[PDB]
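The first residue in the sequence is number 1, and the count goes up from there. Quick note: numbers below take in every heavy atom, side chains included, and nothing from hydrogens, waters or symmetry partners. Indexing begins at 1, ligand by ligand and atom by atom, following the structure's order.
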Amino acid sequence: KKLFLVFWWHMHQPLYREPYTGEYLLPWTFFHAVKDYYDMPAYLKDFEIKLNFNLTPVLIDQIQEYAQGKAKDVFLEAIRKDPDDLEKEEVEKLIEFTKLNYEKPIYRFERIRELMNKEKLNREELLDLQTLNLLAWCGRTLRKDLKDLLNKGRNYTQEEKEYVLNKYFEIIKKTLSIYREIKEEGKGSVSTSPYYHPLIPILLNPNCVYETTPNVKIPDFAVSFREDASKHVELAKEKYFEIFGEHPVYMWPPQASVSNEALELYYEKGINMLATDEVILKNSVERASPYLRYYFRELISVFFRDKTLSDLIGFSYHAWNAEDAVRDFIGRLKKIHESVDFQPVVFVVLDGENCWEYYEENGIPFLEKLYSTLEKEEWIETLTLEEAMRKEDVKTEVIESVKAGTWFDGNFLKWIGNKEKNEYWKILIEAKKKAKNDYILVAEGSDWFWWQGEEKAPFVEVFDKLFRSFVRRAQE
Ligand SMILES: OC[C@H]1O[C@H](O[C@H]2[C@H](O)[C@@H](O)[C@@H](O[C@H]3[C@H](O)[C@@H](O)[C@@H](O[C@H]4[C@H](O)[C@@H](O)[C@@H](O[C@H]5[C@H](O)[C@@H](O)[C@@H](O[C@H]6[C@H](O)[C@@H](O)[C@@H](O)O[C@@H]6CO)O[C@@H]5CO)O[C@@H]4CO)O[C@@H]3CO)O[C@@H]2CO)[C@H](O)[C@@H](O)[C@@H]1O
Ligand SMILES: OC[C@H]1O[C@H](O[C@H]2[C@H](O)[C@@H](O)[C@@H](O[C@H]3[C@H](O)[C@@H](O)[C@@H](O[C@H]4[C@H](O)[C@@H](O)[C@@H](O[C@H]5[C@H](O)[C@@H](O)[C@@H](O)O[C@@H]5CO)O[C@@H]4CO)O[C@@H]3CO)O[C@@H]2CO)[C@H](O)[C@@H](O)[C@@H]1O
């Protein structure tokens with residue numbers, strides 16, 4: 001009697017490339033590529049487990065541009081420059097970026113504390129500021145290789161900074177290939193999402209938000225987004241085919257977001273399985289175990305993730321010692337194993353790149369110990385998405401209707417419903433009536449709405465500039 005454990009690590013970045021200047025206005029794709037996007041599937045070279053990955057097509061597009069050397073990244077240009085050539089604005093952005101990340105354990109360099117307590121920075125201090133920002137984002141693979149430079153902690157030279165930069169781009173150049181390799185070798189399945197990570201249920205039917213928040217105000221959706229929702233899925237299939245050589249049969253719905261109409265669209269586009277959140281299961285069916293494979297109207301398979309286990313990794317274990325955390329996780333899995341007489345399927349699904357920066361040493365002690373311990377428990381079998389879809393010795397159930405929602409409180413309020421987020425939908429609705437190209441699809445990404453209408457925070461004005469630029473470019 002095994003416990004079937006399925007990790008599904010979701011990787012995504014919205015499009016940071018401004019269409020009039022061609023510049024990447026934030027560096028987050030670069031930094032998560034060098035820190036997480038190669039390294040997370042690279043664990044499979046050292047550990048004999050299965051791990052699965054979602055790659056959004058807009059993320060793939062950007063990884064390709066960085067690998068090809070065509071991304072003009074304005075933040076990275078300020079890192080690369082000799083400090084004598086830095087503009088004041090570039091120094092301010094570098095300071096602000098450091099202050100944003102200052103308390104994360106991956107920024108735990110004593111020299112960073114020294115630099116942020118200086119009234120004025122000279123050339124050698126700016127070089128350290130540049131290089132330590134780079135090295136803070138070092139991934140597991142190069143943390144071994146650059147150990148000498150990482151332990152120095154200070155007094156970096158321009159030659160050393162450039163050496164780090166070169167190694168980082170080598171990692172990026174190898175990134176799509178490792179996903180293809182682990183897929184071909186049967187070490188994991190790779191899924192994708194509708195192209196720019198939109199909220200498919202709202203595009204199909206904005207009235208679905210009322211199934212969970214009846215009091216919400218939404219704008220007048222005077223134009224149909226139903227064909228765009230189809231296009232997000234179809235273009236994603238095409239990009240996935242280019243990279244991996246088949247049409248994707250698994251997709252991760254952005255924000256775990258589903259609805260009856262969205263599940264029908266996924267089915268019509270040939271998707272055979274997806275996962276969503278336990279809250280939607282609880283919202284939709286009174287008696288429902290999350291350890292079964294569900295069939296929605298016998299059209300498409302659905303798994304509901306184990307929210308507790310996913311949130312332990314996403315929110316709890318960064319504050320723990322690595323062995324405390326792994327013992328706790330294994331203990332919980334054992335309690336599941338002993339709590340039922342069938343073989344449960346346990347889906348652990350969360351973002352694959354956003355939690356590690358809060359862990360000691362980028363979560364490498366935690367993941368190395370977790371994966372080492374998992375692979376040695378005879379009662380746990382980690383599965384690919386393909387194996388979880390096809391496994392016969394699993395329990396199964398039919399469901400006929402779900403209540404539309406997301407993994408954020410089961411509802412859509414993080415993307416719609418207040419004055420500021422509604423104004424973005426209004427801009428998009430008016431833009432859609434006049435849209436001439438696929439930049440309207442870029443503007444439909446969920447990320448723009450997530451950041452809008454929150455309390456002010458550094459750099460979020462850039463998301464607004466991007467969104468509004470895509471909206472304008474869509475009409476030309
Ligand atoms: O603000 C202070 C904050 O600091 C830390 O949080 C940071 C976190 O450690 C880091 O991983 C990242 O979080 C990312 C995350 O990695 C992504 O996967 C993504 O999270 C989504 C998540 O996977 C989904 O399950 C869903 O999360 C829901 C939960 O299911 C709800 O239970 C609720 O979670 C709260 C949880 O119950 C509490 O124990 C507490 O830890 O706080 C949790 C969040 O408030 O709400 C969330 C939805 O917010 O949806 C997620 C969003 O798509 O995205 C995350 C970032 O949004 O960044 C965190 C900094 O924001 C520390 O862990 C926290 O305890 C602390 O409160
Ligand atoms: O009120 C302020 C706010 O403060 C804190 O947030 C700040 C972060 O700590 C800080 O790092 C920075 O956040 C950056 C982030 O680091 C950067 O990577 C980028 O985020 C990307 C994700 O990396 C990417 O995966 C994708 O995330 C999706 C994800 O795929 C999806 O599944 C789901 O989880 O939604 C995510 C959002 O759509 O896209 C985002 C970009 O959209 O950009 C971030 C912003 O620059 O800045 C934060 C704000 O200052 C606390 O986290 C927070 O709770 C407080 O609300």
Side-chain angles (χ1 to χ4, degrees), residues 7-16 24-37 40 53-56 58-59 62 75 93 96-107 133 136-137 192-194 196-199 252-257 275-280 282 304-320 325 347-360 362-363 366 405-415 421 442 445-467:
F7 287 95
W8 198 350
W9 298 115
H10 158 67
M11 314 298 197
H12 171 55
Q13 296 295 335
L15 184 56
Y16 298 117
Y24 281 73
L25 300 179
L26 289 168
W28 296 126
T29 298
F30 174 78
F31 278 129
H32 285 291
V34 302
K35 186 167 87 59
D36 310 293
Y37 295 147
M40 283 289 283
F53 298 92
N54 188 62
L55 294 173
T56 67
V58 56
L59 173 61
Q62 299 174 75
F75 195 87
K93 289 187 174 57
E96 175 181 3
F97 190 79
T98 307
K99 280 180 184 249
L100 182 58
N101 293 303
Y102 181 96
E103 301 284 342
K104 301 166 183 180
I106 62 169
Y107 272 74
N133 266 274
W137 295 84
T192 195
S193 294
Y196 295 100
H197 199 264
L199 294 167
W252 169 249
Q255 314 290 349
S257 192
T276 181
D277 190 32
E278 198 169 346
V279 71
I280 298 144
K282 305 313 190 42
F304 297 93
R305 71 168 186 158
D306 190 309
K307 175 180 167 200
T308 290
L309 298 176
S310 310
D311 284 343
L312 280 173
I313 298 177
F315 295 106
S316 304
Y317 287 160
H318 73 100
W320 304 30
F347 264 69
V348 181
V349 187
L350 60 147
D351 296 353
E353 77 280 68
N354 291 317
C355 56
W356 313 119
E357 63 204 58
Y358 294 94
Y359 286 65
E360 174 70 15
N362 197 39
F366 170 74
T406 74
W407 63 5
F408 199 121
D409 295 335
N411 66 46
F412 294 92
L413 292 181
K414 275 294 296 187
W415 304 270
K421 297 176 194 284
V442 182
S446 70
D447 305 83
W448 320 118
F449 304 87
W450 170 279
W451 297 111
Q452 166 74 346
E454 307 287 346
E455 225 166 36
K456 199 271 185 272
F459 295 113
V460 297
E461 64 273 3
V462 183
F463 289 91
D464 173 78
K465 168 179 222 162
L466 287 163
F467 170 79

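- Remark: side-chain polar atoms of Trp448 are paired, donor with acceptor, to backbone N or O of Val442 under 3.5 angstrom.
- The minimum heavy-atom distance linking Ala256 with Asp277 is given by the pair CB-N, 3.9 Å.
- Those atoms of ligand 1 with a heavy atom of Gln255 less than 4.0 angstrom away are 53 (O).
- There is no protein heavy atom closer than 4.0 angstrom to atom 2 (C) of ligand 1.
- Nearest non-hydrogen protein atom to atom 37 (O) of ligand 1 is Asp311 OD2, 4.9 Å.
- Among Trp356, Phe315, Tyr359, the residue whose heavy atom sits closest to atom 27 (O) of ligand 1 is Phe315.
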Which protein N or O atoms sit under 3.5 Å from any N or O of ligand 2? Give atom names and distances.
| from | atom 1 | to | atom 2 | distance (Å) |
| --- | --- | --- | --- | --- |
| ligand 2 | 9 (O) | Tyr358 | OH | 3.0 |
| ligand 2 | 11 (O) | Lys104 | NZ | 2.7 |
| ligand 2 | 18 (O) | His32 | NE2 | 2.9 |
| ligand 2 | 23 (O) | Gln13 | NE2 | 3.0 |
| ligand 2 | 23 (O) | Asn354 | OD1 | 2.6 |
| ligand 2 | 25 (O) | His12 | O | 3.1 |
| ligand 2 | 25 (O) | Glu353 | OE1 | 3.4 |
| ligand 2 | 25 (O) | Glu353 | OE2 | 3.2 |
| ligand 2 | 25 (O) | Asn354 | ND2 | 2.8 |
| ligand 2 | 30 (O) | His10 | NE2 | 3.1 |
| ligand 2 | 32 (O) | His10 | NE2 | 3.3 |
| ligand 2 | 32 (O) | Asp351 | OD1 | 2.6 |
| ligand 2 | 34 (O) | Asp351 | OD2 | 2.7 |
| ligand 2 | 35 (O) | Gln255 | NE2 | 3.2 |
| ligand 2 | 38 (O) | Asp447 | OD2 | 2.7 |
| ligand 2 | 39 (O) | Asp447 | OD2 | 3.1 |
| ligand 2 | 42 (O) | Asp447 | OD2 | 2.8 |
| ligand 2 | 42 (O) | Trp451 | NE1 | 2.8 |
| ligand 2 | 43 (O) | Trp28 | NE1 | 3.3 |
| ligand 2 | 46 (O) | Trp28 | NE1 | 3.0 |

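- Not one N or O on the side chain of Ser257 forms a donor-acceptor pair closer than 3.5 Å with the backbone of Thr406.
- There is no protein heavy atom closer than 4.0 angstrom to atom 61 (O) of ligand 1.
- Distances from atom 56 (C) of ligand 1 to the protein include no heavy-atom value under 4.0 Å.
- Heavy-atom distances between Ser310 and ligand 1 stay at or above 4.0 Å for every pair.
- With hydrogens and angles ignored, the 3.5 Å screen pairs a side-chain donor or acceptor of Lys421 with a backbone N or O of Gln452.
- Using bins of under 30°, 30° to 60° and over 60° for the plane-to-plane angle, the ring pair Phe97/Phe31 lands in the parallel bin.
- Applying the side chain to side chain donor-acceptor pair (under 3.5 Å) test to pairs two or more places apart or on separate chains, those with a residue in residues 349-360 are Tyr37-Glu353, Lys104-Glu357, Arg108-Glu360, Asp351-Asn354.
- Between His32 and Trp137, the angle of the ring planes goes over 60°, which puts this pair in the perpendicular group of the 30/60° scheme.
- Between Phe408 and ligand 1, not a single N/O pair is under 3.5 Å apart.
- For the ligand labelled ligand 1, residue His10 lies outside the 4.0 Å heavy-atom shell.
- Among protein heavy atoms, the minimum distance from atom 53 (O) of ligand 1 is reached at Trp407 NE1, 3.0 Å.
- A donor-acceptor contact shorter than 3.5 Å links the side chain of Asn54 to the backbone of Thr192.
- Between the side chain of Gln255 and the main chain of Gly405, no donor-acceptor pair closer than 3.5 Å is present.
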* Could you go through the side-chain contact (heavy atoms from CB on, under 4.5 Å) check for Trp450 and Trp415 one step at a time? => CA-CA 5 Å; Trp450 170 279; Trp415 304 270; 3.7 Å; yes
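- Closest to atom 4 (O) of ligand 1 among all protein heavy atoms lies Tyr358 CE2, 5.0 Å.
- Using 4.0 Å as the threshold, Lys414 has no heavy atom nearer than that to any atom of ligand 1.
- Atom numbering of ligand 1 starts at 1 in the shown order; those under 4.0 Å from a heavy atom of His318 are 62 (C), 63 (O).
- Less than 4.0 angstrom separates atom 46 (O) of ligand 1 from none of the non-hydrogen atoms of the protein.
- No donor-acceptor distance shorter than 3.5 angstrom exists from the side chain of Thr56 to the backbone of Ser193, with no hydrogens or angles considered.
- Per-atom contact check: atom 35 (C) of ligand 1 does not touch the protein, criterion being a heavy-atom distance below 4.0 Å.
- Between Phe459 and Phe75, the angle of the ring planes goes over 60°, which puts this pair in the perpendicular group of the 30/60° scheme.
- With a heavy-atom cut-off of 4.0 Å, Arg305 touches ligand 1 through its side chain alone.
- For atom 32 (O) of ligand 1, a protein heavy-atom neighbour is present inside the 4.0 Å cut-off.
- Counting heavy atoms from C-beta on, the side chains of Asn362 and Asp36 come closer than 4.5 Å.
- There is a protein heavy atom less than 4.0 angstrom from atom 18 (O) of ligand 1.
- In this structure, of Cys355, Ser446, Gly314, the residue bringing a heavy atom nearest to atom 9 (O) of ligand 1 is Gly314.
- In terms of N/O distances under 3.5 Å, ligand 1 is not approached by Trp450.
- Counting heavy atoms from C-beta outward, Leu466 and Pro14 have side chains that stay 4.5 Å or more apart.
- Of all protein heavy atoms, the one lying nearest to atom 54 (O) of ligand 1 is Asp351 OD2, 3.6 Å.
- Nearest residue to atom 12 (C) of ligand 1 from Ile313, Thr308, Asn354 is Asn354 (criterion: closest heavy atom).
- When each of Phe467, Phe412, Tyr196, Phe463 is checked for a ring pair (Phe, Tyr, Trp, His ring centres under 6.0 Å) with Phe449, only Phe467 meets the rule.
- A donor-acceptor pair under 3.5 Å is absent between the side-chain atoms of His197 and the main chain of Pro194, judged by distance alone.
- Each of the atoms 18 (O), 23 (O) of ligand 1 lies under 4.0 Å from some heavy atom of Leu350.
- Just one of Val58, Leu26, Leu59 meets the side chain to side chain contact (heavy atoms under 4.5 Å, CB included) condition when paired with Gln13; it is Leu59.
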